[PDB]
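Dropping my_file-v5.json in here (JSON, C-alpha atoms):
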[["chain", "number", "residue", "atom", "x", "y", "z"],
["H", 483, "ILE", "CA", 147.98, 144.18, 37.35],
["H", 484, "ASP", "CA", 148.85, 142.50, 40.63],
["H", 485, "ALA", "CA", 145.16, 141.58, 41.02],
["H", 486, "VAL", "CA", 145.41, 138.85, 38.35],
["H", 487, "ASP", "CA", 146.39, 135.58, 40.03],
["H", 488, "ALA", "CA", 146.28, 131.95, 38.91],
["H", 489, "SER", "CA", 142.51, 131.65, 39.35],
["H", 490, "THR", "CA", 141.84, 134.67, 37.13],
["H", 491, "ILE", "CA", 144.28, 133.36, 34.52],
["H", 492, "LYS", "CA", 142.40, 130.05, 34.43],
["H", 493, "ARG", "CA", 139.02, 131.81, 34.29],
["H", 494, "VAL", "CA", 139.94, 134.11, 31.39],
["H", 495, "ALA", "CA", 141.69, 131.26, 29.57],
["H", 496, "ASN", "CA", 138.61, 129.07, 29.89],
["H", 497, "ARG", "CA", 136.58, 132.02, 28.59],
["H", 498, "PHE", "CA", 138.78, 132.80, 25.55],
["H", 499, "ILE", "CA", 140.95, 129.80, 24.62],
["H", 500, "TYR", "CA", 139.22, 126.54, 25.57],
["H", 501, "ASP", "CA", 137.17, 125.04, 22.71],
["H", 502, "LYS", "CA", 136.85, 128.06, 20.41],
["H", 503, "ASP", "CA", 137.32, 128.66, 16.70],
["H", 504, "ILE", "CA", 140.63, 129.79, 15.20],
["H", 505, "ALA", "CA", 141.97, 131.61, 12.15],
["H", 506, "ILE", "CA", 145.19, 130.60, 10.39],
["H", 507, "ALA", "CA", 147.34, 132.02, 7.60],
["H", 508, "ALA", "CA", 150.50, 130.40, 6.23],
["H", 509, "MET", "CA", 152.95, 131.07, 3.41],
["H", 510, "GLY", "CA", 155.82, 129.16, 1.84],
["H", 511, "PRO", "CA", 156.57, 125.42, 1.81],
["H", 512, "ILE", "CA", 153.57, 124.59, 3.98],
["H", 513, "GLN", "CA", 152.75, 121.22, 2.39],
["H", 514, "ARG", "CA", 153.72, 119.57, 5.70],
["H", 515, "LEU", "CA", 151.54, 121.79, 7.98],
["H", 516, "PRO", "CA", 148.70, 119.97, 9.79],
["H", 517, "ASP", "CA", 145.22, 120.58, 8.42],
["H", 518, "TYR", "CA", 142.45, 122.62, 10.05],
["H", 519, "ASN", "CA", 140.81, 119.76, 11.96],
["H", 520, "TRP", "CA", 144.10, 118.98, 13.72],
["H", 521, "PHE", "CA", 144.34, 122.50, 15.16],
["H", 522, "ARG", "CA", 140.62, 122.70, 15.91],
["H", 523, "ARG", "CA", 140.59, 119.44, 17.86],
["H", 524, "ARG", "CA", 143.73, 120.31, 19.74],
["H", 525, "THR", "CA", 141.93, 123.17, 21.65],
["H", 526, "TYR", "CA", 140.70, 120.82, 24.39],
["H", 527, "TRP", "CA", 142.01, 117.80, 26.27],
["H", 528, "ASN", "CA", 140.32, 114.44, 26.82],
["H", 529, "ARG", "CA", 142.67, 113.50, 29.68],
["H", 530, "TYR", "CA", 140.85, 115.85, 32.05],
["X", 21, "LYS", "CA", 157.20, 107.28, -2.99],
["X", 22, "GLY", "CA", 157.79, 111.03, -2.82],
["X", 23, "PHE", "CA", 156.17, 114.42, -3.33],
["X", 24, "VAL", "CA", 156.25, 117.25, -5.86],
["X", 25, "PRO", "CA", 156.63, 121.05, -5.62],
["X", 26, "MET", "CA", 153.21, 122.47, -6.27],
["X", 27, "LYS", "CA", 152.48, 126.23, -5.93],
["X", 28, "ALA", "CA", 148.72, 126.40, -5.20],
["X", 29, "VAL", "CA", 146.46, 128.57, -3.00],
["X", 30, "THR", "CA", 143.43, 127.36, -1.00],
["X", 31, "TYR", "CA", 140.76, 128.87, 1.26],
["X", 32, "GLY", "CA", 138.73, 126.92, 3.82],
["X", 33, "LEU", "CA", 135.95, 127.34, 6.37],
["X", 34, "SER", "CA", 135.38, 125.84, 9.80],
["X", 35, "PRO", "CA", 133.11, 122.79, 10.24],
["X", 36, "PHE", "CA", 130.82, 124.61, 12.69],
["X", 37, "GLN", "CA", 129.82, 127.40, 10.27],
["X", 38, "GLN", "CA", 127.80, 125.60, 7.58],
["X", 39, "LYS", "CA", 124.64, 123.54, 7.12],
["X", 40, "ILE", "CA", 125.38, 119.83, 6.75],
["X", 41, "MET", "CA", 122.30, 117.66, 6.14],
["X", 42, "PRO", "CA", 120.28, 119.68, 3.53],
["X", 43, "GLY", "CA", 122.76, 118.68, 0.81],
["X", 44, "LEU", "CA", 121.58, 115.07, 0.47],
["X", 45, "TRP", "CA", 118.01, 115.65, -0.75],
["X", 46, "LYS", "CA", 118.53, 118.94, -2.59],
["X", 47, "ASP", "CA", 117.75, 118.19, -6.25],
["X", 48, "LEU", "CA", 117.25, 114.41, -6.41],
["X", 49, "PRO", "CA", 115.28, 114.03, -9.70],
["X", 50, "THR", "CA", 117.97, 115.58, -11.91],
["X", 51, "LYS", "CA", 120.66, 113.42, -10.28],
["X", 52, "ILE", "CA", 118.51, 110.31, -10.81],
["X", 53, "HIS", "CA", 117.95, 111.27, -14.45],
["X", 54, "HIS", "CA", 121.68, 111.84, -14.98],
["X", 55, "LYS", "CA", 122.61, 108.47, -13.45],
["X", 56, "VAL", "CA", 120.01, 106.60, -15.52],
["X", 57, "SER", "CA", 120.96, 108.35, -18.76],
["X", 58, "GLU", "CA", 124.65, 107.66, -18.13],
["X", 59, "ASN", "CA", 124.46, 103.99, -17.08],
["X", 60, "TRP", "CA", 121.51, 102.65, -19.09],
["X", 61, "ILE", "CA", 123.94, 100.75, -21.35],
["X", 62, "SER", "CA", 125.71, 99.09, -18.41],
["X", 63, "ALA", "CA", 122.36, 98.10, -16.90],
["X", 64, "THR", "CA", 121.20, 96.69, -20.25],
["X", 65, "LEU", "CA", 124.37, 94.67, -20.77],
["X", 66, "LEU", "CA", 124.24, 93.32, -17.22],
["X", 67, "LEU", "CA", 120.57, 92.29, -17.23],
["X", 68, "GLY", "CA", 120.14, 91.08, -20.83],
["X", 69, "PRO", "CA", 121.65, 87.58, -20.88],
["X", 70, "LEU", "CA", 119.95, 86.56, -17.63],
["X", 71, "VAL", "CA", 116.49, 87.39, -18.99],
["X", 72, "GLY", "CA", 117.18, 85.75, -22.34],
["X", 73, "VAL", "CA", 118.49, 82.51, -20.86],
["X", 74, "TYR", "CA", 115.71, 82.33, -18.27],
["X", 75, "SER", "CA", 112.98, 82.77, -20.88],
["X", 76, "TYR", "CA", 114.60, 80.22, -23.19],
["X", 77, "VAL", "CA", 114.88, 77.59, -20.43],
["X", 78, "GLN", "CA", 111.29, 78.16, -19.27],
["X", 79, "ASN", "CA", 109.95, 77.81, -22.82],
["X", 80, "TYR", "CA", 111.95, 74.65, -23.51],
["X", 81, "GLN", "CA", 110.92, 72.98, -20.25],
["X", 82, "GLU", "CA", 107.21, 73.72, -20.63],
["X", 83, "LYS", "CA", 107.24, 72.54, -24.25],
["X", 84, "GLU", "CA", 108.93, 69.26, -23.32],
["X", 85, "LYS", "CA", 106.63, 68.60, -20.36],
["X", 86, "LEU", "CA", 103.47, 69.30, -22.37],
["X", 87, "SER", "CA", 104.75, 67.12, -25.22],
["X", 88, "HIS", "CA", 105.32, 64.13, -22.92],
["X", 89, "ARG", "CA", 101.64, 63.94, -21.90],
["X", 90, "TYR", "CA", 98.92, 61.53, -23.04]]
As structure tokens, what does this structure read like?
Amino acid sequence: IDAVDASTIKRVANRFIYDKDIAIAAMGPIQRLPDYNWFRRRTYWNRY
Amino acid sequence: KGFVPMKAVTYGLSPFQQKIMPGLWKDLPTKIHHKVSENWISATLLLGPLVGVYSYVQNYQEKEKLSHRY
């Protein structure tokens, strides 16, 4: 556990999170929930 | 300007999991036949008067010109 520092966090995050597909499931009054493309585009940043 | 309570259920798929281009040219002849069979009357009604008037004017002008000769 204590062998997982900031660099390893960034590496694993860039392996698993950055620019990958997602799965969603919602229930209730979800008429005001952003569509798929919103979530899918928000998995990377254009600032950097 | 408001909204309505709905009660529906929908499934979707990601953009990057499905072939995009092949849909344009799939079965063109049946689509062309459907469009023609559906809008033949509109095409007829649009293009009729133009042809009739053009032919009438051409005929009248040529008759007059050839009748003015010596």
* What are the residues of chain X that have an atom within 12 Å of an atom of chain H, counting all atoms listed in the file, as a list in words? ->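 Close to chain H, chain X has residues 23, 24, 25, 26, 27, 28, 29, 30, 31, 32, 33, 34, 35, 36 and 37 of chain X.
Picture a line from CA of residue 525 (chain H) to CA of residue 486 (chain H); it runs 23.2 Å.
Between CA of residue 491 (chain H) and CA of residue 526 (chain H) the separation is 16.5 Å.
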* **Straight-line distance linking CA of residue 61 (chain X) with CA of residue 78 (chain X), stated in Å to one decimal** =>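 CA of residue 78 (chain X) lies 26.0 Å from CA of residue 61 (chain X).
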With all atoms of region 516-520 of chain H from the file as input, state the centre and edge lengths in Å to one decimal of the axis-aligned box that has 5 Å extra on each side, as JSON.
{"center_x": 144.8, "center_y": 120.8, "center_z": 11.1, "size_x": 17.9, "size_y": 13.6, "size_z": 15.3}
* **Residue nearest residue 500 (chain H) among H:523, H:488, H:512, H:517 (counting all atoms listed in the file)** => H:523
